[PDB]
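Student: here is my input; please provide its structure:
(chains A and B)
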Amino acid sequence: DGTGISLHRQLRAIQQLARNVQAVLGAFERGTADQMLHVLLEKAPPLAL
Amino acid sequence: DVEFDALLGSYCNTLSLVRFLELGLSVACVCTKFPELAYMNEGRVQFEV
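Tutor: Numbers count the residues shown, from 1 in each chain, chains lettered A, B, ... in the order given. Structure data below:
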């Protein structure tokens, strides 16, 4: 509506968006490393054996 | 015999626009524009006598 109220809470929106997008992209950098050890775990046989 | 039928005129009016401000009612009210009435919750005026 043009009122400053709409401005600030829009910042909060742009803010929260940037924070989740930031969070899910890094989920693939950890996903990978986790993906590894598990794929490393699926593949891996114990030492004892 | 030569005949015709004619449109002898076309009339329109003017829709007239009144302003609350050119009125005497406007003395019975203080008017202010408050674009955030949407975002308000409870407004209050308080008096002392």
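Student: when you work out contacts or count neighbours from here on, use the C-alpha atoms and nothing else.
Tutor: Fine.
Student: residue A:36: neighbouring residues, count only.
Tutor: In terms of burial, residue A:36 registers 13 neighbours under the definition other CA atoms under 10 Å in any protein chain shown.
Student: and the spatially most central residue of chain A, what element?
Tutor: Taking CA atoms, centre = their mean, the centroid of chain A lies closest to residue A:24, which sits 2.3 Å from it. Per DSSP states H and E: residue A:24 is located in helix A:4-43.
Student: which neighbouring elements make contact with that helix?
Tutor: Secondary structure elements in contact with helix A:4-43, counted by 3 or more CA pairs under 8 Å, 6 or more residues apart in numbering or on different chains; DSSP states H and E, are absent; no helix or strand qualifies.
Student: distance between it and the chain's centre?
Tutor: What separates the centre of helix A:4-43 from the centre of its chain is 2 Å, taken as CA atoms, centre = their mean, to the nearest Å.
Student: and residue A:3, what is it in contact with?
Tutor: Residues in contact with residue A:3 (CA atoms under 8 Å, 6 or more residues apart in numbering or on different chains) are B:35, B:36.
Student: measure it to residue B:37 for me?
Tutor: In this structure, residue A:3 and residue B:37 are separated by 11 Å, where distance is defined by CA to CA, to the nearest Å.
Student: same question, residue B:48
Tutor: With the distance defined as CA to CA, residue B:48 ends up 25 Å from residue B:37.
Student: then residue A:48?
Tutor: Shown here: residue A:48 relative to residue B:37, a distance of 73 Å by CA to CA.
Student: between those two, who's got more neighbours?
Tutor: In this view residue A:48 and residue B:37 are compared by other CA under 10 Å, and residue B:37 has more residues nearby, 10 against 4.
Student: three-state assignment of that one?
Tutor: Put simply, residue B:37 is helix when judged by DSSP: H, G, I helix; E, B strand; the rest coil.
Student: what about residue 27, how many residues nearby?
Tutor: All of this refers to chain A. 13.
Student: wrong one, chain B
Tutor: A count of nearby residues for residue B:27, using other CA under 10 Å, gives 9.
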